[PDB]
Amino acid sequence: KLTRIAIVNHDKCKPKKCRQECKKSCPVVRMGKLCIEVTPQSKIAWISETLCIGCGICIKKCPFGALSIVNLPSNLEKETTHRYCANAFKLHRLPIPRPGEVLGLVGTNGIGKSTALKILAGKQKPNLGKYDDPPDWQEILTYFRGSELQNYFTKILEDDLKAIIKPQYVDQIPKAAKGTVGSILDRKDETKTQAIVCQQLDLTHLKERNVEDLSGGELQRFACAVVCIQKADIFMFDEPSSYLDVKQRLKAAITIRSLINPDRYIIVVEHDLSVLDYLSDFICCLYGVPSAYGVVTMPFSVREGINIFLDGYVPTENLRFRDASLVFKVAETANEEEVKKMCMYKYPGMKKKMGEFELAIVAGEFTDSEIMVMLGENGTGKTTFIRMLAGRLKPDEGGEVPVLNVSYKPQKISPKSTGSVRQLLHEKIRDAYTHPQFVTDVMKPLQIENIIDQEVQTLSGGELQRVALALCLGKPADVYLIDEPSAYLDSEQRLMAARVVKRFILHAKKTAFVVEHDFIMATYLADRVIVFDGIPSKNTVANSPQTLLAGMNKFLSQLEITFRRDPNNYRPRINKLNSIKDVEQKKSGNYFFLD
Amino acid sequence: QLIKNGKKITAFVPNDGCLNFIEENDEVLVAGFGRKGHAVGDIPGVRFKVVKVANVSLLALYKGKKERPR
Amino acid sequence: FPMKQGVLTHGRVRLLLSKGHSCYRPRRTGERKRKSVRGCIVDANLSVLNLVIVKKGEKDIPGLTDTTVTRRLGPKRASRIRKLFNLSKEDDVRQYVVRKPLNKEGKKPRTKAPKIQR
Amino acid sequence: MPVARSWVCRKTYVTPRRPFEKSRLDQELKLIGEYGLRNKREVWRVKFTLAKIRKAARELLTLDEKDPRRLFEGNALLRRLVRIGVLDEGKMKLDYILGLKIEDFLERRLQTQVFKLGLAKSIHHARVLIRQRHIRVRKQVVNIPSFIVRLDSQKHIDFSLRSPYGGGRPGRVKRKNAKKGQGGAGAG
Amino acid sequence: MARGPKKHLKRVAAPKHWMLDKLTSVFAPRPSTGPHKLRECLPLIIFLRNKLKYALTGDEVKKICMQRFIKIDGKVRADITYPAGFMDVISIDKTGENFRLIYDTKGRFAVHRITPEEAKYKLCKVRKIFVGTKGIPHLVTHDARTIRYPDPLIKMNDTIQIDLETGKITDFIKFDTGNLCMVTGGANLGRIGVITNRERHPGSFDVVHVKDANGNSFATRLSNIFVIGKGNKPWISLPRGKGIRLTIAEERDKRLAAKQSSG
RNA sequence: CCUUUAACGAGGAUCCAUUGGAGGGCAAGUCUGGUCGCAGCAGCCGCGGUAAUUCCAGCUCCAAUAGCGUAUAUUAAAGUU
RNA sequence: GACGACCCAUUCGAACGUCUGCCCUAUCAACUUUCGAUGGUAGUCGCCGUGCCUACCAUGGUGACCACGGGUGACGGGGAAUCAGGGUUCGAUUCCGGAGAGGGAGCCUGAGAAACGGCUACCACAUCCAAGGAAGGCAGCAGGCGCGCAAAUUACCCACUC
RNA sequence: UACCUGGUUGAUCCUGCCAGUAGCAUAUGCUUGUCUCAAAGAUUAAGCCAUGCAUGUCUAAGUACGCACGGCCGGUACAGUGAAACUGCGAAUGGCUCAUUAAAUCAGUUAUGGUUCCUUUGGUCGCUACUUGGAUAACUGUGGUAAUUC
Ligand SMILES: [Mg+2]
Ligand SMILES: [Mg+2]
Ligand SMILES: [Mg+2]
Ligand SMILES: [Mg+2]
Ligand SMILES: [Mg+2]
Ligand SMILES: [Mg+2]
Ligand SMILES: [Mg+2]
Ligand SMILES: [Mg+2]
Ligand SMILES: [Mg+2]
Ligand SMILES: [Mg+2]
Ligand SMILES: [Mg+2]
Ligand SMILES: [Mg+2]
Ligand SMILES: [Mg+2]
Ligand SMILES: [Mg+2]
Ligand SMILES: [Mg+2]
Ligand SMILES: [Mg+2]
Ligand SMILES: [Mg+2]
Ligand SMILES: [Mg+2]
Ligand SMILES: [Mg+2]
Ligand SMILES: [Mg+2]
Ligand SMILES: [Mg+2]
Ligand SMILES: [Mg+2]
Ligand SMILES: [Mg+2]
Ligand SMILES: [Mg+2]
Ligand SMILES: [Mg+2]
Ligand SMILES: [Mg+2]
Ligand SMILES: [Mg+2]
Ligand SMILES: [Mg+2]
Ligand SMILES: [Mg+2]
Ligand SMILES: [Mg+2]
Ligand SMILES: [Mg+2]
Ligand SMILES: [Mg+2]
Ligand SMILES: [Mg+2]
Ligand SMILES: [Mg+2]
Ligand SMILES: [Mg+2]
Ligand SMILES: [Mg+2]
Ligand SMILES: [Mg+2]
Ligand SMILES: [Mg+2]
Ligand SMILES: [Mg+2]
Ligand SMILES: [Mg+2]
Ligand SMILES: [Mg+2]
Ligand SMILES: [Mg+2]
Ligand SMILES: [Mg+2]
Ligand SMILES: [Mg+2]
Ligand SMILES: [Mg+2]
Ligand SMILES: [Mg+2]
Ligand SMILES: [Mg+2]
Ligand SMILES: [Mg+2]
Ligand SMILES: [Mg+2]
Ligand SMILES: [Mg+2]
Ligand SMILES: [Mg+2]
Ligand SMILES: [Mg+2]
Ligand SMILES: [Mg+2]
Ligand SMILES: [Mg+2]
Ligand SMILES: [Mg+2]
Ligand SMILES: [Mg+2]
Ligand SMILES: [Mg+2]
Ligand SMILES: [Mg+2]
Ligand SMILES: [Mg+2]
Ligand SMILES: [Mg+2]
Ligand SMILES: [Mg+2]
């Protein structure tokens, strides 16, 4: 049932002294098929990832401690709590919600996170994975007798702790709801906790900045403010750092952590860089195969869990084979030609409004041949810039009208393709290539397969965003306009998408402007950068495209964050805003190491 | 070839046409024959017999009560 | 890592501390541990120093000395009281005890005092 | 862990050594037919409870007379036998115990008395009635066919006071059909 | 491990004469340290709920004893596992009844109500004699009492009648041939008879004979004899049947004739 | 949970008894169809080479029965320690 | 009346010592000793008796009635299965005794420990890190990996026995 | 229940074993309506271990100025409930396992006249005084480290 495999990593595997009893009796080698690859030589005895039966005879008879078992993942049909529908994604057992502390979850996009959250909140009853005749709270509360779920599900059936939850998507709720500015917040739950969340989330402007005014980052901040003031006993937070300021991630973290104390269950799920270590106390890692089946592990501590998620990829019990050490592209290799045909498509320092936003410009020596990256806080107008360049306000008092053709990526995810996406893949065509730019980008998490034939309304935002990227670089254009492309993506597919678009357009010595709020893609896309300085609601100045180091220095010193690069995996981490390191880095200004 | 020892032994298959259920390189659970150390009957030097092929019986694989898990 | 009196170095060292020592609080009657402490010498490789004023000059430090001492708390052993108000052997030790005044935004005000012991 | 339990239990029969022996199979089948029992085991129980009496009897009879132990335990064993109607007070001595046959313990069963005291049409009908809670010993319903009737309990066996056969509401069949005259034959 | 004294007692390992059941639970009361040996005692908890039925569970015994109702030799004992034992005189004032712990002839304690003009004195058996500092003679009884200045004719193995408000021995019976005796150990437990003999094997366990009121004789060890009477006249009151230890062939006849199957 | 009780709840084609055998040892067929020293059975003796009481199956019959078969250690049989 | 306290007794023990009692092996017939082996004298030490340990002295002690060495899928016993009479085989396992908390070693506190739900160090493992440092012991109850022919729920409660 | 039956031969009488036969306890196969009991990670690996829990404790009677709550106004030993904290006691019992270990452990039998003993029970308590000393915790306030019952 579990697929057992043998592995060989060892202190000096000795194919020069042992005489290789390792290969002289694997049962599969005897019958012709080669399981093991070694003779008298100098180095490691190779082994097939699949030709050992899991016999274990490979292990009993090496003289040195070279060989051992691992358990490759399989679909067991044991502890199936739910199936997304009949024949769909299979969900195994749930994490037991420890009270008094924040329970976090981590995993790749589309493995069973939001279904687990919807089940734990009583909004989805368990069906025990049956296609037909889903049970009704007598066989449930017998399927997990002798288990904590026996009592937990009754406490939510008599609503003695009636749950409350936050949504997955930011773009839905300001259309689905109705309420004028401030009065919705006042009439919802309270005034007291209303007052403390409002100030510590820095949304005190939304006494008069309306629900139609506010941006998707400001909407996540509203969604989190409203669920925090909502009076309930158990809480959940799906993606609570989707489109936020690099300081305001930690401010969200603190304002959720401020409700830990009074015997309240809380679960959070994130695609985190350095934020959840302050958010959660225990971790439960997920493994499986995307939108096919997903398994939940037993609890771990924060550092221990975050580590068994990427300091290798083995539980203390079993195995999985994904999420290895590449959270920084250590492959420092970049080469393309210099060309003296260069176009310097400069622009004036035009000053523009809408009702409230003074967002000044200074001129910049923008050129055709490479990408320019953009920095800045949320809500400072890094969006309106290239929205105005795309045929909107102030092209008249200066404003360089787009010289090359425009590919627009909008950040509000709402493609109007009812039916399936396949017909929206007709205002383009794929047939223009069948090539690495398309394959290595669109495929990695499974294949191109799930994103050809599907109604875009039931879509994981990740692959819809991969299609919006594909129809952006699939349109007749050359100036590509981008806005948080990394959102709604995991870590490794974020970097896949970043790397492959850099490489693809740099084949052509071609234009793009990128809007980021993250680090990794921003750091491996750049040789020049613009910065937004000043605080929102009054003023902002888009400084000219400077170098990388001094630019993001102006950035971080304005945000007052420094970073640390662990060499073993080149991992980034936040220094805690006051440290024996947060003094040298803040005296020398260095927040970027190992160029 | 046994799991724990690793040593090699020959075993009988106990009914008409069973040798088709036994694929190659799967597990099996061998048992004794019936005289505690000695070859039984007309067979020269075979001292063990199969009961389970892959967590399913032979008596059920052969009477039809179950089918191979694949 | 703190500093403790009598470990003559500028380095840091590991000592087997017990009850009555400093830089240690024992969790169980009759216990000992082995922990790291810095030598008593002072050098630029610190992070803080505690200094206590012994002789004050003439110019008042702006935010340290101009303030006033609180009422602290009064004595509770009988002879301590006698020694403070220079009382005779047969002066009443009652009446003199420091009647702690008590005010809050709730109830009526009050005066407390300690139960006198000897 | 230490625990507050009795593990004490025991077996109440012994299989025969010759498994297919005709003189045995035909006698036991005769005994099953003549008293309406269920297995062979219902006979091996009686064989055991007799062959165990016949060991105490023998080991006493191999003591010397006038012994304290032999006197006390013999006077106790004969009393216990006489009290269930397996022995005659006109015998009352150990050298008679060795003359008892299996068909005297079988005879004192409640199933046997319920037939032989007249309350049922056959030895099979009796086993059904007892198991249906139709009979009572002394102000007490019983439900076990193998119950052994003590000598002076004999004349107490009679039909239960909450039962159709003598002072009781008709059962769920005689009532479903009398209702077919007023719910199936009057307006149905 | 064992590195120090134990403090629990398992139900099976408990003494037999406590007549405890088997299926209540794994433990037994474990008498606390006292004047009486652990096997010879009877804790106060076992006397109130297994014998007199006054209480029902351990907590009811604890809240009967806390109200200061029970008296063991005049004093007021509040410990429910206190080790009462042979010659101790429980008094329950709030009811007006008294008891004497004496072995019944099957070799176990039984309830034995006594008249309140008797529950003022109890007997003790002398265990030691020594001359303290300055030349004061002392005494040690079987229940650990120490009497200072006793009469200079009371010796070992004798019996003394004390009072419960003073100590201060009043009478004493001397161990020799012809006096009554009750036996407090081994096979013959709770039998009575005149001593009639004493052999003496120097250095090992001198042996003693006895003789019932029906000719029956039965030896014992001297360290198990307890004189209770001058001769043929027991000082303290006796339980029904008076230690006669009838055989089972007689016990059956009385059971049958009395037909004691009801009341 | 068991016990105590109202109301529904049996016509047998279900509110369905199984596990191993049928030459001998050892209770039970010198039935019918198939295979042809093959496939197989068989603890032991032994069955199968075109007319199988022993293989594969139908029918019938046997033993124990809410249980029965197999592998193994051990005891009696063993006066074969 | 509560508490504390010297010593004596008593209680719960603990410790050391006497007699008798053990599975297989001769392809184990001699073993033991200034690296104390048996004994004497005086001490050291210890809660006390004692080669327990030191100094001097003597040359002893054990063995075909099996010493000494080796093996045990050996923790001992109350007991379990079968059993004419005699016996054979089993006893990790709820009661009693012993021994141990990954392996060896040293000690604090205490009436009581050579204690691991105590501390210190070496050996083997393993966790966190800002690379300076810190932390660990399920052969307790559940639970998980591994191992294998082979063994249950990460539930409820102090109401019963204590 | 003090028991045998098949097999070397053309047949017979023997020695002699292999096979059958009955119980027991570990595994496993097929099957399963009721009801009372109830064993269960010993065998291999005394191998390794995520998370939670398994040892704490206040009376009339050691120390109460937490305003924390508090009443009839007063502490004039000082009321009264009482968090915390010093102090005392317990943590050496219980539970788990069977690696070690063959005159060892263990059993019955005896001895401490060769020793120690918290506690309980009973003895014992007479060769500035109307009451002495300084110093800590909780509490107030300032802190250090990424991190700990620092
Ligand atoms: Mg630091
Ligand atoms: Mg007040
Ligand atoms: Mg005082
Ligand atoms: Mg213990
Ligand atoms: Mg120990
Ligand atoms: Mg006690
Ligand atoms: Mg059949
Ligand atoms: Mg057959
Ligand atoms: Mg047939
Ligand atoms: Mg046959
Ligand atoms: Mg026949
Ligand atoms: Mg033919
Ligand atoms: Mg034919
Ligand atoms: Mg035929
Ligand atoms: Mg035998
Ligand atoms: Mg000497
Ligand atoms: Mg000496
Ligand atoms: Mg010699
Ligand atoms: Mg010699
Ligand atoms: Mg030896
Ligand atoms: Mg043994
Ligand atoms: Mg062993
Ligand atoms: Mg016997
Ligand atoms: Mg044992
Ligand atoms: Mg073992
Ligand atoms: Mg066990
Ligand atoms: Mg034990
Ligand atoms: Mg002992
Ligand atoms: Mg271990
Ligand atoms: Mg102590
Ligand atoms: Mg230790
Ligand atoms: Mg312990
Ligand atoms: Mg510790
Ligand atoms: Mg340590
Ligand atoms: Mg532990
Ligand atoms: Mg466990
Ligand atoms: Mg397995
Ligand atoms: Mg099992
Ligand atoms: Mg298993
Ligand atoms: Mg309790
Ligand atoms: Mg021949
Ligand atoms: Mg022949
Ligand atoms: Mg045999
Ligand atoms: Mg059988
Ligand atoms: Mg039960
Ligand atoms: Mg068992
Ligand atoms: Mg084990
Ligand atoms: Mg733990
Ligand atoms: Mg109080
Ligand atoms: Mg008070
Ligand atoms: Mg304390
Ligand atoms: Mg203590
Ligand atoms: Mg266990
Ligand atoms: Mg040992
Ligand atoms: Mg030996
Ligand atoms: Mg040895
Ligand atoms: Mg000995
Ligand atoms: Mg003993
Ligand atoms: Mg002994
Ligand atoms: Mg105490
Ligand atoms: Mg005293």
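Residues numbered from 1 in each chain as written, not as in the entry; some residues may be left out. Chains lettered and ligands numbered in written order. Part of a larger assembly, values for the part shown. Heavy atoms only, no water.

## Examining the overall build of chain B
Thought 1: Counting its regular elements, chain B contains one helix and three strands.
Thought 2: Its helices and strands taken in sequence order, chain B reads β-β-β-α from the N to the C terminus.
Thought 3: With the C-alpha coordinates of chain B rotated into their principal frame, the extents come out at 35 × 25 × 15 Å.
Thought 4: Here chain B, with 70 residues, has 14% of them falling under the buried criterion.
Thought 5: Counting every atom, chain B has about 5,400 Å² of accessible surface; 51% of that belongs to carbon and sulfur.
Thought 6: Each charge class in chain B was averaged separately, 13 positive and 7 negative side chains, and the resulting centres sit 11 Å apart. (Helix = DSSP H or I, 4+ residues; strand = E, 2+ residues; numbered from the N terminus. Buried < 20%, exposed > 50% of the residue type's maximum accessible area, 1.4 Å probe, protein only. Areas by Shrake-Rupley, 256 points an atom, 1.4 Å probe, with all protein chains shown as cover. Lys, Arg positive; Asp, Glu negative; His and termini not counted. Charge placed at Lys NZ, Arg CZ, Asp CG, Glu CD.)

## Re the overall build of chain D
Thought 1: Looking only at helices and strands, chain D features seven helices and two strands.
Thought 2: Walking chain D from its N terminus toward its C terminus, one meets helices and strands in the order α-α-α-α-α-α-β-β-α.
Thought 3: Taken against the 2.2 N^0.38 rule, which gives 16 Å for 188 residues, the C-alpha radius of gyration of chain D at 23 Å runs more than 25% over that of a compact globule.
Thought 4: Put simply, of all contacts in chain D between residues at least 6 apart along the chain, 53% involve residues at least 24 apart.
Thought 5: Put simply, chain D shows about 13,400 Å² of open surface, and 53% of that area lies on carbon and sulfur atoms.
Thought 6: The average position of the 46 basic charges and that of the 18 acidic charges among the side chains of chain D differ by 14 Å. (Rg over C-alpha atoms; globule rule 2.2 N^0.38 Å. Contact = heavy atoms within 4.5 Å.)

## Some words on the protein's contact with RNA strand H
Thought 1: What surrounds RNA strand H is a group of 72 residues, the closest being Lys-65 of chain B, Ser-79, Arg-99 and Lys-107 of chain C together with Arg-3 of chain E.
Thought 2: When atoms of RNA strand H within 4 Å of the protein are split into backbone and base, the sugar-phosphate part holds 69%.
Thought 3: Between RNA strand H and the protein, one listed contact pairs a sugar or linking oxygen with a side-chain N or O atom of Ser-57 of chain B at 2.9 Å.
Thought 4: Side-chain polar atom of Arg-17 of chain D to a base oxygen of RNA strand H: 3.0 Å apart, as the coordinates give it.
Thought 5: Its residues placed into classes, the surface near RNA strand H shows 23 nonpolar, 14 polar and 35 charged. (Near = heavy atom within 4 Å. Polar contact = N/O pair within 3.5 Å; in protein donor to acceptor, adjacent residues only side chain to side chain. Nonpolar A, V, L, I, M, F, W, Y, C, P; charged D, E, K, R; others polar.)

## Some remarks on the layout of surface pockets
Where empty space is left becomes clear once a probe the size of a water molecule has been rolled over the atoms.
Thought 1: In this structure, the largest pocket encloses a volume near 2,000 Å³.
Thought 2: What lines the largest pocket is a set of 50 residues, among which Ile-53 of chain A together with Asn-25, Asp-26, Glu-27 and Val-28 of chain B lie closest to the centre.
Thought 3: For the lining of the largest pocket, the secondary-structure elements that each account for two or more residues are strand 1 (3-7), helix 1 (27-30) and helix 2 (57-60) of chain A together with strand 2 (29-32) and strand 3 (48-52) of chain B.
Thought 4: A per-class count over the lining of the largest pocket returns 26 nonpolar, nine polar and 15 charged. (1 Å grid on protein atoms, 1.4 Å probe; cavity = no way out; pocket = protein on both sides within 12 Å on 5 of 7 lines; lining within 4 Å. Points joined across faces, edges and corners; volume = space filled by probe spheres on them.)

## Structural notes on the packing of helix 2 (residues 41-61) of chain D against helix 3 (residues 68-82) of chain D
All names here are of chain D.
Thought 1: Following both chains from N to C, one finds helix 2 and helix 3 inclined at 150 degrees, their axes separated by 10 Å at the closest point. Taken as axis vectors, helix 2 and helix 3 run roughly antiparallel relative to one another. Judged by the sense of rotation from one axis to the other, the crossing of helix 2 with helix 3 is left-handed. Between helix 2 and helix 3, the residues in contact are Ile-53, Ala-56, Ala-57, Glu-59, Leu-60 and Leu-61 and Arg-69, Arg-70, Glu-73, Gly-74, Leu-77 and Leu-81, respectively. (Axes fitted to C-alpha atoms, helices over the stretch in contact; angles between N-to-C directions. Parallel < 35°, antiparallel > 145°, perpendicular 65-115°, else oblique. Left-handed = near helix turned anticlockwise from the far one by under 90°.)

## With respect to the protein's contact with RNA strand G
Thought 1: Around RNA strand G, a shell composed of 57 residues is seen, among which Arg-4, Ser-147 and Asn-307 of chain A together with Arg-3 and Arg-49 of chain E lie nearest.
Thought 2: Of what RNA strand G places within 4 Å of the protein, 82% of the atoms are sugar or phosphate.
Thought 3: Here a phosphate oxygen of RNA strand G sits 2.8 Å away from a polar atom, N or O, in the side chain of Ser-36 of chain C.
Thought 4: Here a sugar or linking oxygen of RNA strand G sits 2.6 Å away from a polar atom, N or O, in the main chain of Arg-3 of chain E.

## Some thoughts on the packing of aromatic side chains
Thought 1: This structure, assessed with the given rule, holds 20 aromatic pairs over all chains.
Thought 2: Between the aromatic rings of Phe-85 of chain C and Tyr-96 of chain C, the centroid separation amounts to 6.1 Å while the plane-to-plane angle is 40 degrees, which identifies the pairing as tilted. Here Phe-85 of chain C, found in the loop between helix 1 (78-84) and strand 3 (101-102), pairs with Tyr-96 of chain C, found in the loop between helix 1 and strand 3; they are eleven residues apart in sequence, far enough to count as distant.
Thought 3: On the accessibility criterion, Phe-85 of chain C (37% relative accessible area) is partly exposed.
Thought 4: Judged by centre distance (5.8 Å) and plane angle (65 degrees), the ring pair of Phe-159 of chain D and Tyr-165 of chain D falls under edge-to-face.
Thought 5: By relative accessible area, which is 44% here, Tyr-165 of chain D ends up partly exposed.
Thought 6: Each residue in the set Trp-137, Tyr-143, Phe-144, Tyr-152, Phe-153 and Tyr-265 of chain A is aromatic and connected to the rest through ring pairs, giving one cluster.
Thought 7: Over the ring of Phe-64 of chain A we find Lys-12 of chain A; its NZ or CZ atom is 4.8 Å from the centre of that ring. (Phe/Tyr/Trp six-rings, centres within 6.5 Å; stacked < 30°, edge-to-face > 60°. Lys NZ or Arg CZ within 6 Å of the ring centre and 35° of its normal.)

## Describing the side chain of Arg-70 of chain D
Residue and element names in this part refer to chain D.
Thought 1: As for its position among the elements, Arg-70 is in helix 3.
Thought 2: Notably, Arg-70 is buried but unbridged: the nearest opposite-charge side chain belongs to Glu-65, and the N-O separation is 4.8 Å.
Thought 3: With residues near it in sequence (within four places) discarded, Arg-70 still touches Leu-60, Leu-61, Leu-63, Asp-64 and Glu-65. (Salt bridge = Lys/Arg side-chain N within 4 Å of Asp/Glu carboxyl O.)

## A look at the interface of chain D and chain E
Thought 1: Counting from both sides, the interface comprises eight residues of chain D and, opposite them, eight residues of chain E.
Thought 2: Three residues stand out in chain D for area buried against chain E, namely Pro-2, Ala-4 and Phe-72 of chain D, and they jointly supply 64% of the buried area on that side.
Thought 3: Across the side of chain D that touches chain E, the residue classes break down as five nonpolar, two polar and one charged. (Buried area = accessible area lost by both parts, 1.4 Å probe.)

## Remarks on the sheet that holds strand 15 (residues 180-184) of chain E
Residues and elements named next belong to chain E.
Thought 1: Taken in spatial order, the three strands line up as 16-15-19 in an open sheet, and their pairing is antiparallel. Strands with a single pairing partner mark the edges of an open sheet, and in this sheet they are strand 16 (189-192) and strand 19 (225-229). Strand-to-strand twist in this sheet, taken as the mean axis angle between neighbours without regard to direction, amounts to 25 degrees.
Thought 2: Two strands pair when backbone bridges link them, and strand 15 and strand 19 are joined in this way by three bridges, in the antiparallel orientation. (Pairing = 2+ DSSP bridges.)

## Digging into the UniProt feature "domain: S4 RNA-binding" in chain D
Thought 1: Under the UniProt annotation, the feature "domain: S4 RNA-binding" is placed at residues 108-182 of chain D.
Thought 2: Structurally, residues 108-182 of chain D comprises 28% helix and 5% strand, and the distance from its first C-alpha atom to its last is 47 Å. (UniProt positions renumbered as here; feature names shortened; annotations may be inferred.)

## Looking at the sheet that holds strand 2 of chain B
Thought 1: Strand order in the open sheet formed by three strands is 1-3-2 (chain B), and the pairing between neighbours is mixed. Only two strands of the sheet have a single neighbouring strand rather than two, namely strand 1 (11-12) and strand 2 of chain B.

## A word on the arrangement of the chains
Thought 1: Between chain B and chain D there is no contact, and the shortest C-alpha to C-alpha distance separating them is 21 Å.
Thought 2: Across the gap from chain A to chain E, with no contact made, the nearest C-alpha atoms are 25 Å apart.

## A look at the packing of helix 7 (residues 192-200) of chain A against helix 8 (residues 216-229) of chain A
Each pair of packed helices can be described by the angle between their axes along with the distance between the axes.
All names here are of chain A.
Thought 1: Contact geometry for helix 7 and helix 8: axes closest at 9 Å, N-to-C directions at 150 degrees. By the angle class used here, helix 7 and helix 8 are roughly antiparallel. The chirality of how helix 7 crosses helix 8 is right-handed. For the pair formed by helix 7 and helix 8, the contact residues are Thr-193, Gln-194 and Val-197 on the first element and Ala-225, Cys-228 and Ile-229 on the second.
Thought 2: Here the residues of the contact of helix 7 with helix 8 sort into four nonpolar, two polar and no charged.

## Observations regarding the environment of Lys-71 of chain E
All names here are of chain E.
Thought 1: Relative to the helices and strands, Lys-71 resides in strand 4 (residues 70-72).
Thought 2: Of the residues examined, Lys-71 reaches a relative accessible area of 26% and is grouped as partly exposed.
Thought 3: Taking the C-alpha atoms as reference points, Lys-71 and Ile-92, separated by 21 residues in sequence, lie 6.5 Å from one another.
Thought 4: Not counting the four nearest positions on each side in its chain, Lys-71 is found in contact with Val-76, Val-89, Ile-90, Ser-91 and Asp-93.

## Let's talk about the interface of chain A and chain B
Much of the literature gives interface size as the accessible area that the parts lose upon coming together.
Thought 1: Listed by partner, the interface residues are nine residues for chain A and seven residues for chain B.
Thought 2: Summed over both partners, the interface of chain A with chain B buries about 730 Å², with 52% contributed by carbon and sulfur atoms.
Thought 3: For the interface between chain A and chain B, the tally reads zero residue pairs in polar contact.
Thought 4: Counting residues per element, the ones that place at least two in the side of chain A that touches chain B are helix 1 and helix 2 of chain A.
Thought 5: The element contributing the most residues to the side of chain A that touches chain B is helix 1 of chain A, with three residues.
Thought 6: Looking at the side of chain A that touches chain B residue by residue, the class counts come to six nonpolar, one polar and two charged.

## Thoughts on empty space enclosed by the protein
All names here are of chain A.
Thought 1: Summed over the entire model, instances satisfying the criterion amount to twelve cavities of 30 Å³ or more.
Thought 2: Size it by volume and the largest cavity reaches roughly 560 Å³.
Thought 3: Contributing to the lining of the largest cavity are 33 residues, with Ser-241, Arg-249, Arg-494, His-517 and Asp-518 lying nearest its centre.
Thought 4: Contributing elements (two or more residues each) for the lining of the largest cavity: helix 15 (520-523) and helix 16 (548-559).
Thought 5: For the lining of the largest cavity, the leading source of residues is helix 16, giving three residues.
Thought 6: Counted by class, the lining of the largest cavity contains 17 nonpolar, seven polar and nine charged residues.
Thought 7: Taken together, the elements giving at least two residues each to the lining of the second largest cavity come down to strand 14 (372-374), helix 11 (384-389) and strand 16 (479-481).
Thought 8: Class assignment of the residues belonging to the lining of the second largest cavity gives a composition of 22 nonpolar, two polar and one charged.

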